[PDB]
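Protein chains in written order, with the authors' numbering: chain A, 909 to 913, 980 to 1012; chain B, 2 to 123; chain C, 10 to 123; chain D, 2 to 124; chain E, 448 to 477; chain F, 225 to 309; chain G, 280 to 384; chain H, 9 to 171; chain I, 207 to 512. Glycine residues also receive a C-beta, built at the ideal position from the N, C-alpha and C atoms.
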Amino acid sequence: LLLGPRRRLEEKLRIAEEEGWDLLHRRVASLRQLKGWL
Amino acid sequence: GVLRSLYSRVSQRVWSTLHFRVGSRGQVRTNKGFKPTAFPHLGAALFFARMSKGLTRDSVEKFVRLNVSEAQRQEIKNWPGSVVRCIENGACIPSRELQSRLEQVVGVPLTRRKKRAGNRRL
Amino acid sequence: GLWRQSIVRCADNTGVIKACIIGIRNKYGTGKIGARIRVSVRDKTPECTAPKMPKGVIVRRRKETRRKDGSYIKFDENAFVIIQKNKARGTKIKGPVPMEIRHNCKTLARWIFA
Amino acid sequence: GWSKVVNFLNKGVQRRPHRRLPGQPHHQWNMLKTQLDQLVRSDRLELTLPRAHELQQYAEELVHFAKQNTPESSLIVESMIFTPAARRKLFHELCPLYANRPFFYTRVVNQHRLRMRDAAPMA
Amino acid sequence: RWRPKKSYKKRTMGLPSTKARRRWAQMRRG
Amino acid sequence: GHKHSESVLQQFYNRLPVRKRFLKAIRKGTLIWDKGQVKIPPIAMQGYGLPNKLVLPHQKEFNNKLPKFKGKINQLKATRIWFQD
Amino acid sequence: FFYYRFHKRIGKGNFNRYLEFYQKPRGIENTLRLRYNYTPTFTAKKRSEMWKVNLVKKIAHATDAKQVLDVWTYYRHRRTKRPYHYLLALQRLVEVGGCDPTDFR
Amino acid sequence: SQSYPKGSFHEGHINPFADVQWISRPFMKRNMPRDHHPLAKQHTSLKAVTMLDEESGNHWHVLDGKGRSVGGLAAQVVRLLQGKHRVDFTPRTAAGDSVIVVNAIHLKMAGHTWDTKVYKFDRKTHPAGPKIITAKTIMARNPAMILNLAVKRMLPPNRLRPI
Amino acid sequence: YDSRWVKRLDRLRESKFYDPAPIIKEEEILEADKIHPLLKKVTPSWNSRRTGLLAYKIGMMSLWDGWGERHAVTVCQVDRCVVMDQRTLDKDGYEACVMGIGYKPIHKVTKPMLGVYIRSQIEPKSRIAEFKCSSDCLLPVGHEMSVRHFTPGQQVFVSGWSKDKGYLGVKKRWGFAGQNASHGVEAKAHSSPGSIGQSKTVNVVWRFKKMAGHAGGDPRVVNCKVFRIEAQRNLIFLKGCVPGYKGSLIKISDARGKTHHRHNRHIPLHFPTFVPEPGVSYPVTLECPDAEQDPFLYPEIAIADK
RNA sequence: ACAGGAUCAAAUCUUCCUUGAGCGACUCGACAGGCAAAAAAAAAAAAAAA
RNA sequence: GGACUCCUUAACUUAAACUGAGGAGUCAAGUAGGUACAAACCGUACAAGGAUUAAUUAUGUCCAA
RNA sequence: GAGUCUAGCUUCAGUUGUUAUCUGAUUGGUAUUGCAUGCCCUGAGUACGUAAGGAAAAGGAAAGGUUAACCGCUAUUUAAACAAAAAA
RNA sequence: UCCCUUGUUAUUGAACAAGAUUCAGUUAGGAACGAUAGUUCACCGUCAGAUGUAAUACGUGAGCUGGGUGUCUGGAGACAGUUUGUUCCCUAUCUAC
RNA sequence: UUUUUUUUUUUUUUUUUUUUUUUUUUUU
RNA sequence: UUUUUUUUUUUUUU
RNA sequence: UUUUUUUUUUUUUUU
């Protein structure tokens, strides 16, 4: 019995598709990208 | 002497416990706004619900068996094994009647129920 | 009820006339019927053979006594009976005896209903 | 005072049926007795509200027992008057009056004013 | 002299409810 | 508490955030407090050498030459053993 | 705000033998109103107060119900919403070509 | 009911001849946290994520405290909370950013800390004295408190601490 | 709202205006007009709990028994106890049942309150309470409770408020010893509290110190025994004592713990409620079963000195 | 709220989806009541109409 | 006809902040710093006065800092 | 914006101690006991012991004592003594 | 681990009953009087409540006192009672052409 | 008719009884 | 290492 | 084996 129904902007699209809320003017980063800043 | 171990005794004491308050809201259990749709299946839903209260399969079975009418009761005894385990595992589709009892035990709806209300449109 | 330093008579025919209470299992002076108490003999007859410190049980009480059936029983005097080896020293009891006595010594009384 | 103590102390306190009066009981009763005769002789008296609410208790009983016209009742009526003028009036003007009145022959009226010398209510 | 030991005073279980206790509780984010 | 003055050693103990059970033990001597932890006191074996951390700086040279135990408590064969003060 | 009281009490619960379930909790742990005990600065005040203008500005700029809704959603926590704010949003929503009444937004 | 609680050393070896004589855990072997066998999908942890916002100026830092030390975590958190990591730090104000912590139950404690640690709560004029609550109770009831209290006692003793 | 002296005479004269006693029957038959369609029999479980009831204290009485022993029993009346609403985990977040009791004049009830009563299809209520129970014992909305919920001879848990005595002294409240009446004793020392603390070593008075103040008005609980029940008038006789004034609200529930274990073990009780079958009669009055042994039996107790 | 939406389309009596948890639940929008008279151990008892 | 400390030493219970001697520092009459909390210990290129500046000292370098 | 009932937190002492495998249609699957003065009864004149002598598991009950509550019964003290007839 | 009540079942010169030393808790319920006044101790008689210790300025003297081996009407801390509220005392007067 | 122990009843619950406070409101 | 665990024990030496 | 001490003002022992 079932129930229920690089790219230019990567993290924005990931959040949008996963979570379901769009980022207006807010950036996001993760620890994995720290190598490109040290 | 026929006295059991102190550990055993303590364990025994602890085994038969009951509360009347949900407690902290930070927990992960059945509460206000609960939706079965989140779960992949009724089995998972049921499992979660059961675990929330801390009830056993045996007790569930025992309750349902003694609640269901004779017609349903007879069929309950025809299954190769336990019906609760099969429902949990996704190897059996419970009936409406059975579901009713199940939901009564777990104190939470498992599926989107009907709403007998509506204004006839002229 | 009864209390320490209290003078009570004797219902038995041993010969003792009265005795002074020395001890009791109570605090508020509410001594009941059938309670063990220690007595000191004050007076004796010329032909008495009782000990100096007889041990007995309260038989009669001046104060009214309540019953299980909603009745009450009252007397005019306070008397006790000597007890030895779980038995009475004497052979007869003067006057009636109340029903509120667990001990079997009340059988020696003349009127249990009076 | 503080006006708060009154409230603090009054919590869980029952009201008194009969208002206390200055003096011994024997004095109080005498006082009330004499005031009943004075009320009978006047037709209206001006008194403090507490006292007006107290004298009305006996003011009703006097007339209630005066209408029986029995030897027994007569005794009780006798036991509540002093002067002959009040007896005469009670037995000759008030008894005929309240012939048809079952009860409630008196009333109390509040003046809603304070005494100049005492700052006390009046009725 | 003689002195009875009032050990009953040492009770720490099944105590009655009191306004003091209630206020203490209240003051603690009841 | 009710006592006006207390010993420094007792006071020290009083300040230990531990259960009563361990407090008692500590007080007794069965247990010690070190580096914010509670462990069994060091064991002094007869004939064998004591830990290098308990002897004086000038005694370490002579202590290191003494026999050492490299076995379990069950395998230990010491005639007498006691806690090192 | 001379004194701001805030304590985290040990609430009742049962964590023993806890089973990891990939689900969100009931709600946030902290719900008490946040009251500052200090006067804000010019920049702080400005940031706090700029919403009144930014709301309208972005509403106007929006070109679709999606955008409109998003904009509205962003300024959720923004208290003291004047009636006209609603009117504006309604007018924009109608002009854009309708909306979804069923929408949580 | 009539005897001392069963400690963690009751379920293991004892080695007096070593620093860690016996291992201690918040819960029994049969009581440790576990994951449900039917994973509907596999998950992966990002360690830490950060969100900046220029307009509102409120930044967020979501951390994963899975297998980490309470002390270290607390220490790290304190820095962020205080906002000392920024150039424009003002002790008068709270220049910090919001911090989110998850998987608090998975924390670790070296040494005999799980079985020989308690917490005291002061009482205003109480004869019994301060209330003492063991760490096992706190772990059982509200794990978050373990970190919460460490952070709290780490923060400066001022009027800004609540904030 | 009359005068003191009018009220006093009323108090005395009331006795003369008493309506005649009703006529009590021996049997009772119920129809489908007094039964909830949604009401059904449910088998209990190991973690199932029943609901409580509300009552008004009327007064004390003395009643005999089969053996002839007189006992004091308090009379309680359930003033039309009706369920209002239910609570669910999904909806609210906890299982509970709300009930109502009493009656209030319509000229005293607020409009928002009247809105609830209109929905409920019930007359205005004086008091509203709630009970926590298991999910499997949730009674249907609109069901009227009855005295038959409790079987005679079982232990009950009764809760209520105590009386008020106003301000009282230390000697009056707690019952302090005090001082002697003689032997050179000061006036003030007669009823003084005495020592109230220690020396300079303890400069603070311990919390919860026994001192003077307003007495009474506290919650209290007590065990009771079901002696007799009445279906007609909806009356219950409870063995023992119940706190509160003659008319105060009182809560009644089942036994808990030792009380349950020791007493309420072998007593079959209708878990959900009383479920009458249409077409069958029921008793009106139910009495407590007598004991086994003769209460009026005084055996011999040996008294041997050693 | 059966209020909105999809479909070669549902027993009487909505197959399925949306409403973040239909604002914690119900209800009100001339809603609600401090003080005075009178009564008053807590508590309860007055329909409007000088 | 002196209070603490350093070395020697008389008395005492190799006790006590006692009682009394030989020779150096500090306080007395010394600031700010360190030693968690109240003169005596360490340091000082040791306090006429003013300002938003640089330094090897007792001593520190996970957080309160 | 307002009325009621309530969720969370708080509360004498104190703790983290609970559920592998899964009766094939064969009357079914842990369950409200934390706790504790003395004396008496069943177990028992049994275990034990040449003899004298003389236990436990469980329950049941009569005194004494503490706290709290109450006025149905008893004891002390004490108050009240007034409007049924529309022939009144 | 404090006089009694707990640790069935191995420390015992522990047959049973009645007893002795030592240790452990999540610290649970209890323990009556009198005579002589030689400042308190060995002992004496009763109920057998069943061998019944210390600290806290003698605990406690702006709470009380007694035959010797003074007084004080409570200002601040603490403790025990009590507190309607956004409004129902007064006052609170834009923008600028 | 009231008060009281000299009378009567209980000796259970502690996530219990009870309560002065709805909190997505981060600058009234 | 096994809920074996009031002062009683097994397995493996980690 | 060592770094970690009276760090005995609190947290913490992150090696």
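Minimum C-alpha distance to C/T23 - residue among C/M108, C/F89 and C/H112: C/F89
Can you round the beta-carbon distance between C/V66 and C/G43 to whole angstroms, since I take them to be within the 8 Å contact cut? 6 Å
Going by the beta-carbon positions, is the gap between I/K371 and I/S397 smaller than 9 Å? no
Could you confirm whether any beta carbon from chain G is found closer than 9 Å to the beta carbon of B/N32? yes
G/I289 versus H/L157 - alpha carbon distance: 11 Å
Just tell me which of C/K77, C/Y81 and C/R18 has its CA closest to the CA of C/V50. C/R18
For I/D511, return the contacting residues in chain C, with the cut-off set at a CB-CB distance below 7 Å. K64
Is it the case that the Cβ atoms of I/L444 and I/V248 are separated by a distance below 9 Å? no
State the DSSP-derived secondary structure class of I/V353, mapped to helix, strand or coil. helix
Name, in chain order, the residues that DSSP records as bridge partners for B/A118. Paired residues: none, contrary to the question.
Count the other C-beta atoms from every protein chain shown that fall within 10 angstroms of the C-beta of I/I264, then say buried if there are 16 or more, exposed otherwise. exposed
Decide yes or no for the touch test of the segment 228 to 245 of chain I against the segment 453 to 472 of chain I: beta carbon pairs closer than 8 Å, at least 3 of them. no
Under a CB-based cut-off of 9 Å, is G/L298 close to chain B? yes
Specify whether the segment 142 to 151 of chain H and the segment 292 to 311 of chain G touch according to this definition: at least 3 beta carbon pairs, one from each stretch, less than 8 Å apart. yes
Please report the residue range of the alpha helix (DSSP H) in which H/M162 lies. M153 to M162
Using a beta-carbon distance cut-off of less than 9 Å, what residues from the segment 135 to 166 of chain H approach chain I? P135
Could you check whether I/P358 and I/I458 sit closer than 9 Å to each other, using their CB atoms as the reference points? no
Residues of chain G with a CB under 7 Å from the CB of H/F35: which are they? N295
So, at 7 Å on beta carbons, what are the nonlocal neighbours of H/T142 in its own chain, with the 5 sequence-adjacent residues on each side left out? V126
Please determine if the segment 296 to 309 of chain I and the segment 27 to 47 of chain B are in contact, where contact requires at least 3 C-beta pairs separated by less than 8 Å. yes
Proximity test, Cβ basis, 9 Å: E/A467 and chain I: yes
Contact under 9 Å by Cβ, C/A20 with C/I102: yes
Once you ignore the five residues that flank I/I324 on each side, which residues in its own chain have a CB closer than 7 Å to its CB? none
Using a Cβ-Cβ cutoff of 9 Å, what residues of the segment 405 to 437 of chain I are near chain H? List them in chain order. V410, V411, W412, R413 and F414
Cross-chain neighbours of H/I171 in chain G, by beta carbon under 9 Å: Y283, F285, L313, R314, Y315, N316 and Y317
Where do the N-terminal and C-terminal ends of the beta strand (DSSP E) with I/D291 fall, by residue? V288 to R293
Could you tell me which of H/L47, H/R76 and H/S64 sits nearest to G/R355, measuring between CA atoms? H/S64
If you pair each beta-carbon of the segment 76 to 83 of chain D with each one of the segment 98 to 105 of chain D, do three or more pairs fall below 8 Å? no
According to DSSP, what are the bridge partners of A/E991? In the DSSP output, where bridge partners are listed per residue, A/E991 has none listed.
Considering only the beta carbon of each residue, do H/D105 and H/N66 sit closer than 9 Å? yes
Just by C-beta distance, which residues in the segment 33 to 47 of chain B are closer than 9 Å to chain A? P37, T38, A39, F40, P41, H42, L43, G44, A45 and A46
Residues of chain I with a CB under 7 Å from the CB of B/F49: which are they? Those do not exist, as B/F49 stays about 13 Å from chain I at its closest Cβ, beyond 7 Å.
CA-to-CA distance, C/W120 to C/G10, given in whole angstroms: 24 Å
What is the DSSP secondary structure of I/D370, reduced to helix, strand or coil? strand
Three-state secondary structure (DSSP) at I/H277? strand
Rounded to a whole number of angstroms, what is the C-alpha to C-alpha distance between I/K240 and I/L344? 19 Å
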